[PDB]
Amino acid sequence: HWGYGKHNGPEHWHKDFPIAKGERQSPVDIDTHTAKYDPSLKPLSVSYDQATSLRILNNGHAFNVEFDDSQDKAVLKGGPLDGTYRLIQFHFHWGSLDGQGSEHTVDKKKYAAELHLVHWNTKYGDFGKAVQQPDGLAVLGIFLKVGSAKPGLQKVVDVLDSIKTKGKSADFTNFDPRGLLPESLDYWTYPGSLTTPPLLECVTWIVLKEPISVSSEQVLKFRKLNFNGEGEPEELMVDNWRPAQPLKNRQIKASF
Ligand SMILES: O[B-]1(O)OCc2ccc(NC(=S)NCc3ccccc3)cc21
Ligand SMILES: [Zn+2]
């Protein structure tokens, strides 16, 4: 199936998922000088106080930290959003080198990784129904640059040994995602899609201007993960990012 290899990577996805060449695909390059400041954009409201993390899983494409989304515990609202969006999971995209790894780029600059906090619109009842709507998901994207260590990321880094291969999972309770946020909530926003198959155009993207800093040791551990399952040839889970797609008929708005 699809992946990030030379034979099944992003350039091949359109064959099984034609929407790959759609009108509102993600990620995109954020041209800071062309983005339009929108004074009507409200401040973001991130309420992760009652977040309930459950487990961490290696799904063969990335590792996801999953949350209990049966109630409005951890939610995103405000900004360009209308309604309440519940946090269901977060994961990252990273490179084989510090010079690449992010999906979105800023003035063509690639960051070492990119965190995606995925939320779905409660007006649609469940995640499955939400992905079928143009405003079904809200994904908060946060860039990672290599520098000082990120304390709030260490609990994640330390459990990676227990989910090295595809299909592995581990309990991951009491993890506070607030420890992954930068100081500033200034952001760019635009309508887009999932960056992985099925590439549905159901995402309101909110990308934070301020990256978080992580250490070389922390990102290096991400690169020790495996795309393959136990008992199969080892394939290092690196460069699980889709390159920037055509902006087409869209305008990126800035909150600042
Ligand atoms: O492209 B991304 O890595 O970035 C942002 C993002 C958000 C959600 C996902 N997909 C999830 S939670 N399930 C897969 C699925 C989705 C829709 C239908 C079937 C199956 C992947 C990504
Ligand atoms: Zn993602």
Side-chain angles (χ1 to χ4, degrees), residues 1-4 8-14 16-20 22 24-28 30 53-70 74-76 81 85-95 100-105 110-122 124-144 156 166-167 169 172 177 180 187-208 211-212 219 222 225 227 237-245:
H1 261 270
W2 71 268
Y4 294 95
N8 66 348
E11 302 317 313
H12 288 278
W13 301 348
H14 73 98
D16 285 303
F17 305 94
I19 199 167
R24 57 174 280 188
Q25 285 291 291
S26 296
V28 298
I30 295 166
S53 60
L54 306 160
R55 39 116 74 156
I56 184 173
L57 161 88
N58 178 331
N59 66 9
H61 305 299
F63 61 84
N64 291 179
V65 167
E66 294 162 24
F67 289 75
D68 171 19
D69 64 342
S70 62
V75 305
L76 185 63
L81 308 174
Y85 289 71
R86 278 181 204 166
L87 171 69
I88 176 172
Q89 55 107 322
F90 73 69
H91 56 271
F92 303 76
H93 298 264
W94 59 95
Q100 65 197 51
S102 65
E103 296 211 296
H104 291 89
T105 52
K110 292 179 170 75
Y111 281 93
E114 187 177 322
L115 164 64
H116 288 163
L117 290 133
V118 189
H119 317 70
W120 56 276
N121 198 328
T122 62
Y124 300 123
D126 62 57
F127 179 85
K129 283 286 192 178
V131 302
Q132 302 178 49
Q133 317 304 316
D135 54 356
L137 301 187
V139 180
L140 181 56
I142 299 178
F143 294 117
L144 274 60
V156 175
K166 189 184 190 87
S169 68
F172 205 66
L180 297 171
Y187 65 84
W188 288 287
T189 181
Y190 76 93
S193 75
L194 301 177
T195 63
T196 48
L199 302 170
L200 302 174
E201 297 179 329
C202 63
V203 185
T204 290
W205 277 94
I206 300 171
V207 177
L208 301 187
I212 52 167
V219 70
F222 280 19
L225 290 166
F227 277 133
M237 179 180 285
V238 294
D239 296 312
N240 54 347
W241 50 275
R242 186 191 194 193
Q245 304 300 301

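Note that ligands are numbered from 1 as they come in the structure, with each ligand's atoms numbered from 1 the same way. For reference, positions follow the sequence shown, starting with 1.
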- Would you call the rings of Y4 and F227 parallel, tilted or perpendicular, where under 30° means parallel and over 60° means perpendicular? parallel
I need the nearest protein heavy-atom contact for [atom]: residue, atom name and distance, please.
atom                    : value
atom 18 (C) of ligand 1 : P198 CG, 3.7 Å
atom 1 (O) of ligand 1  : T195 OG1, 2.5 Å
atom 16 (C) of ligand 1 : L194 CD1, 3.8 Å
atom 21 (C) of ligand 1 : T196 OG1, 3.5 Å
atom 6 (C) of ligand 1  : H91 CE1, 3.7 Å

- Message: Quick check: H116 and ligand 1, any N/O pair under 3.5 Å apart?
- Response: yes
- Judging by distance only, is a nitrogen or oxygen of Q89 under 3.5 angstrom from one on ligand 1? no
- Check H116 and report its N/O/S atom nearest to the Zn ion (ligand 2), by atom name. ND1
- Note on the structure: Taking every heavy atom of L57 against every heavy atom of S169, the minimum-distance pair comes out as CD1-CB, 3.9 Å
- Note on the structure: What one should report as the nearest heavy-atom pair of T122 and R86 is CG2-NE, 3.4 Å
- CD1 (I142) and OH (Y111) are apart, to the nearest 0.5 Å, by 12.5 Å
- Message: Run the side chain to side chain donor-acceptor pair (under 3.5 Å) test on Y190 and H104 for me, step by step, so that the C-alpha distance in whole Å, both residues' side-chain angles and the decisive distance to 0.1 Å come before the verdict.
- Response: CA-CA 12 Å; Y190 76 93; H104 291 89; 2.7 Å; yes
- Quick one: does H93 get within less than 4.0 Å of ligand 1, heavy atoms only? yes
- Close approach, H61 and ligand 1, non-hydrogen under 4.0 angstrom: no
- Within the distance-only criterion (no hydrogens, no angle test), does the side chain of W205 pair as donor or acceptor with the backbone N or O of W188 below 3.5 angstrom? no
- Message: If you define the side chain from C-beta out and look only at heavy atoms, does anything of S26 sit under 4.5 Å from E201?
- Response: no
- Query: Looking from the Zn ion (ligand 2), what is the angle between NE2 on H93 and NE2 on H91, to the nearest 10°?
  - Reply: 110°
- Task: Please could you name the atoms of ligand 1 that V118 approaches to less than 4.0 Å, counting only its heavy atoms?
- Result: 7 (C), 8 (C)
- Note on the structure: Within 4.0 Å of some non-hydrogen atom of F127, the atoms of ligand 1 are 11 (C), 12 (S)
- Message: What I want to find out is whether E103 reaches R242 closely enough, with some N-O distance under 4.0 Å, to be called a salt bridge.
- Response: no
- Would you indicate whether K110, at its atom NZ, is surrounded by more than 12 heavy atoms from other residues, nucleotides or ligands within a distance under 6.0 Å? no
